[PDB]
């Protein structure tokens, strides 16, 4: 049970950051532009069993665009992403949508306005209506605060499985093993832990 998902939108909108958060849990603060596409499997556990997304995280910058719409072939779902702190990224939503549906004519698509965590929002709720005539689901999201960050995938899963009551569930957690500390690595740890204690945790002003 696996589905190809393409992720498109302007450079810097947070596509890769959002996927990474989902894959590993981390929040990457740096902007390293994607080169062509990055492909990563991503699994959720539902009340109907596991669902795998084959995530094609494509490049938004023209100069790094690679195969462009070539990446869209045989996609079964999509996320179009913009940045609510950048008007141009919303202005380009119809261009991404155009290029996407010319290749993928009848697929579920979520439009996502990312970075709603930032106070000075530039693309106002009132302005975001493009999704209505194109039958796209819409969510405000923040890869940084995790506002609504499950919603795009939960929605797509409900559409692809064809069950509107599908939920993400907790899978039971296996009992973890007892430990054996090698006295040969004893010192090894002292070092590695020394480095870790003296590297500051990020974002010490946040609520957690």
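Residue numbers count along the first chain shown, from 1. Between two forms, the rigid core is the largest collection of C-alphas that superpose within 1.5 Å.
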Task: Greatest C-alpha divergence in 4 other deposited structures of this protein once each structure is fitted on the rigid core, 53 to 61 or 164 to 172 - done: 164 to 172
Open item on the list: If the other structures are each fit on the rigid core, which stretch ends up farther away in C-alpha terms in 4 other deposited structures of this protein, 141 to 149 or 176 to 184?
Closed with: 176 to 184
TODO: Check the entry's C-alpha temperature factors for 174 to 182 and 61 to 69, then say which stretch has the higher mean.
DONE: 174 to 182
TODO: Give the stretch, out of 18 to 26 and 189 to 197, with the larger mean C-alpha temperature factor in the deposited entry.
DONE: 189 to 197
Open item on the list: So if I compare the CA B-factors in the entry for 91, 131, 124, 98, which one is the largest?
Closed with: 124
Task: Member of 148, 47, 34, 54 with the greatest C-alpha B factor (per the PDB record) - done: 47
Task: residue 136 CA temperature factor, ranked by third within the chain - done: lowest
Open item on the list: Sorting by Cα B-factor within the chain, modelled residues only, which third would residue 119 end up in: lowest, middle or highest?
Closed with: highest
Open item on the list: Is residue 8 in the lowest, middle or highest third of its chain when residues are ranked by C-alpha B-factor?
Closed with: lowest
